[PDB]
There are 2 protein chains.
Amino acid sequence: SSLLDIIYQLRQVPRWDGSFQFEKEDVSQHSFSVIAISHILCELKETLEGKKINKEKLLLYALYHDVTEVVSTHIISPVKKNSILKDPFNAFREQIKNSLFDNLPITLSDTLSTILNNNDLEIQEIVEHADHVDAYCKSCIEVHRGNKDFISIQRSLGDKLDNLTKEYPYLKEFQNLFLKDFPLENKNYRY
Amino acid sequence: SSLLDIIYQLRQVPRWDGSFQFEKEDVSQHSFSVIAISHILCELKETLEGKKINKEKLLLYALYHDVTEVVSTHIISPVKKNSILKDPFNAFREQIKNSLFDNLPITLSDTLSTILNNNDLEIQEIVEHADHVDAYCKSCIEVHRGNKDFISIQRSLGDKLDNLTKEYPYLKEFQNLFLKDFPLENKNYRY
Ligand SMILES: Nc1ncnc2c1ncn2[C@@H]1O[C@H](COP(=O)(O)OP(=O)(O)O)[C@H]1CO
Ligand SMILES: Nc1ncnc2c1ncn2[C@@H]1O[C@H](COP(=O)(O)OP(=O)(O)O)[C@H]1CO
Ligand SMILES: [Mg+2]
Ligand SMILES: [Mg+2]
Ligand SMILES: [Mg+2]
Ligand SMILES: [Mg+2]
């Protein structure tokens with residue numbers, strides 16, 4: 001099976017192609033952050049919208065949400081969202097899904113296929129929001145480092161986030177708890 | 001709350017201090033790999049040992065299993081396992097747990113405390129094994145890159161892994177599925 005190799009190979013997939021970064025980011029670091037953000041958003045959403053989400057499936061979906069970029073590489077959204085490329089890249093992403101996991105036990109094989117082809121719309125939407133939050137946070141850290149080239153990136157991500165908070169109250173709550181002073185200049189928790 | 005800041009601050013915590021690495025590894029990359037390994041080990045263990053594990057708690061424990069290293073930094077095991085430092089570092093790790101998460105909702109606060117102070121012994125043991133597997137895998141990748149300085153590291157980690165496979169059949173199965181040709185020289189799945 002290639003599955004363990006793929007998990008480590010995600011470190012070789014860079015994000016933010018074409019932008020100067022003070023800190024280079026790979027898909028594994030991004031996915032770690034998306035898992036944690038997805039968990040936090042889930043807890044907030046459960047309490048506000050009065051429900052219980054299946055966190056096993058949510059966390060596993062977040063964990064593997066970008067695993068196909070080991071084949072496609074990471075195509076930045078200004079490129080992937082172009083009308084010329086939008087549908088073909090989703091079709092390509094779908095082709096990678098249907099091919100990735102071959103030499104496994106049916107316990108793993110079925111469970112891996114279930115995760116990749118997940119049709120739980122709410123879990124997909126939570127991870128999509130977590131994905132946007134993480135992109136915003138990265139842009140905040142770069143700006144904080146002094147990277148003027150991410151100012152316009154932070155602004156458009158922040159504008160899209162603001163609009164999402166008007167429609168998803170759990171995102172507004174997340175914004176209020178964490179995204180108003182981010183990152184922290186004083187990491188008091190270290191001392 | 002410092003929780004979101006801490007999630008990103010784990011990128012500033014390096015592993016393998018005092019060893020030459022061709023690729024520098026941080027706690028976020030390591031934790032991503034441990035989450036995925038913990039999931040795979042859990043599926044194998046469930047099938048072999050005839051049970052169902054609560055994967056929500058397992059994955060969340062793996063996710064945060066090294067979060068206290070944002071305060072302690074990452075102390076390598078030859079140092080932390082010295083008889084002089086063994087108990088004090090665990091006491092220190094415990095002090096960090098009881099202090100980390102302050103300004104949260106009780107939904108988050110209680111859930112975060114539950115995860116950190118988890119007393120499910122089996123979940124702790126799965127993550128401990130995943131942690132050893134990840135260390136072995138890192139050592140395999142470095143050796144594969146040509147890093148002769150990790151040969152003796154790979155050997156001792158491999159020896160400890162071999163002994164663990166004699167006592168935990170799900171680890172032997174994992175070894176048979178993934179750890180016999182690792183990493184792959186031919187990443188055929190990319191093409
Ligand atoms: N303004 C931007 N300029 C350049 N790259 C960007 C920008 N915004 C995002 N990226 C990169 O595309 C990746 C994912 O972005 P996203 O998740 O926020 O957008 P969607 O794919 O969800 O539409 C992100 C890092 O490479
Ligand atoms: N032989 C070694 N030489 C130097 N550093 C090591 C070695 N083995 C492990 N490390 C580093 O200690 C970290 C964790 O190791 P571990 O998880 O396998 O050992 P335990 O803490 O579980 O006893 C690891 C990377 O920094
Ligand atoms: Mg996105
Ligand atoms: Mg993503
Ligand atoms: Mg360990
Ligand atoms: Mg660890």
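Naming: A, B, ... by sequence-line order, numbering from 1 per chain. No hydrogens, no waters, no symmetry mates; every other heavy atom, side chains included, goes into these values.
- Under the 3.5 Å distance criterion, the side-chain polar atoms of B:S38 are matched with a main-chain donor or acceptor of B:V34.
- To the nearest 0.5 Å, atom OG1 of residue A:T165 and atom CG of residue A:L171 are 7.5 Å apart.
- Environment of NZ in A:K172: sparse, with no more than 12 heavy atoms of neighbouring residues, nucleotides or ligands closer than 6.0 Å.
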Subject >> Step-by-step side-chain contact (heavy atoms from CB on, under 4.5 Å) determination, B:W16 to B:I153 >> reply: CA-CA 11 Å; B:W16 303 99; B:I153 295 179; 3.8 Å; yes
Original post:
Going through the distances and angles, do A:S19 and A:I76 end up as a side-chain contact (heavy atoms from CB on, under 4.5 Å)?
Top reply: CA-CA 10 Å; A:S19 304; A:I76 64 173; 6.0 Å; no
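- Between the CG atom in B:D159 and the CG atom in B:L164 there is a gap of 11.0 Å [rounded to 0.5 Å].
- In this structure, B:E23 does not pair ionically with A:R11, as no charged nitrogen and carboxylate oxygen lie closer than 4.0 Å.
- Under the 3.5 Å distance criterion, the side-chain polar atoms of A:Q124 are matched with a main-chain donor or acceptor of A:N118.
- Distance CG/B:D87 to CD1/B:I84: 12.0 Å, rounded to 0.5 Å.
- Two residues are said to be in side-chain contact when any heavy atoms from C-beta on lie closer than 4.5 Å; B:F101 and B:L108 fail this criterion.
- Across every non-hydrogen atom of B:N54 and B:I123, the tightest pair is O-CD1, 3.9 Å.
- We find the CD1-CZ distance between A:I75 and A:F89 to be 3.5 Å, quoted to the nearest 0.5 Å.
- Taking the six-membered ring wherever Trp is involved, the centroid distance between the rings of B:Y189 and B:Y191 does not fall below 6.0 Å.
- Environment of CZ in B:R155: sparse, with no more than 12 heavy atoms of neighbouring residues, nucleotides or ligands closer than 6.0 Å.
- Between A:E46 and A:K55 there is a salt bridge, with a side-chain nitrogen of the basic residue lying less than 4.0 Å from a carboxylate oxygen of the acidic one.
- Minimum interatomic distance between B:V71 and A:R190 (heavy atoms only, all atoms of both residues): CG1-O, 3.7 Å.
- Using a 4.5 Å heavy-atom threshold, the side chains of A:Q12 and A:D26 count as separate.
- Separating the OG atom in A:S2 from the CG atom in B:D181 is a distance of 11.5 Å, to the nearest 0.5 Å.
- For the residue pair B:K180/B:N176, the side-chain donor-acceptor check at 3.5 Å is satisfied.
- With hydrogens and angles disregarded, no donor-acceptor distance shorter than 3.5 Å links the side chain of A:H144 to the backbone of A:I141.
- Put simply, the side chain of A:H39 reaches to within 4.5 Å of the side chain of B:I115, judged on heavy atoms.
- Side-chain contact between B:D66 and B:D131: present, with at least one pair of heavy atoms (C-beta onward) separated by less than 4.5 Å.
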**OP:** Report the C-alpha distance between A:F32 and B:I7 in whole Å, list the side-chain angles of each, state the deciding distance to 0.1 Å, and finish with yes or no for side-chain contact (heavy atoms from CB on, under 4.5 Å).
**Re:** CA-CA 9 Å; A:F32 173 81; B:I7 285 152; 4.1 Å; yes
**OP:** Go through A:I96 and A:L100 one step at a time and tell me if the side-chain contact (heavy atoms from CB on, under 4.5 Å) criterion holds.
**Re:** CA-CA 6 Å; A:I96 301 147; A:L100 260 186; 3.8 Å; yes
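- Side chains of B:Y61 and B:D120 form no contact here, defined as non-hydrogen atoms less than 4.5 Å apart.
- Partners of B:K45 by side chain to side chain contact (heavy atoms under 4.5 Å, CB included), not counting sequence neighbours, listed by chain and number: B:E49, B:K51, B:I53, B:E122, B:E125, B:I126, B:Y170.
- Tracing side-chain contacts under 4.5 Å through hydrophobic residues (I, L, V, M, F, W, Y), one never reaches A:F22 starting from A:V143; they form parts of separate clusters.
- In this structure, the side chains of B:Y8 and A:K138 stay at 4.5 Å or more apart for every pair of heavy atoms.
- With respect to B:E69, the side chain to side chain donor-acceptor pair (under 3.5 Å) criterion is satisfied by exactly one of B:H30, B:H74, B:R15: B:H74.
- Side chain of A:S31 to backbone of A:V27: a donor-acceptor contact under 3.5 angstrom is found.
- Residue B:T68 holds its OG1 atom at 9.0 Å from CD of B:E94, rounded to the nearest 0.5 Å.
- Remark: the backbone N or O of A:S33 is not paired with any side-chain donor or acceptor of A:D134 at under 3.5 angstrom.
- Summarising the geometry of A:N103 relative to A:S1, their closest heavy-atom pair is O-CB, 3.6 Å, with the distance given to 0.1 Å.
- A salt bridge is defined here as a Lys NZ or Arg NE, NH1 or NH2 lying under 4.0 Å from an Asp or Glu carboxylate O, and A:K57 with B:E56 fails to meet this definition.
- Checked against a 6.0 Å centroid threshold, the rings of A:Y136 and A:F182 do not count as neighbours.
- Between A:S152 and A:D149, the closest heavy-atom pair is OG-O, 4.3 Å.
- Counting heavy atoms from C-beta outward, B:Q154 and B:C140 have side chains that approach closer than 4.5 Å.
- When all heavy atoms of A:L63 and B:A36 are compared, the pair lying nearest together is CD2-CA, 3.9 Å.
- By the neighbour-count criterion of 12 heavy atoms within 6.0 Å, atom CG of A:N117 is densely surrounded, having more than that number from other residues, nucleotides or ligands.
- Nearest heavy-atom pair, A:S72 versus A:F92, reported as atom, atom and distance to 0.1 Å: CB-CE2, 3.4 Å.
- Using a 4.5 Å heavy-atom threshold, the side chains of B:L44 and B:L177 count as touching.
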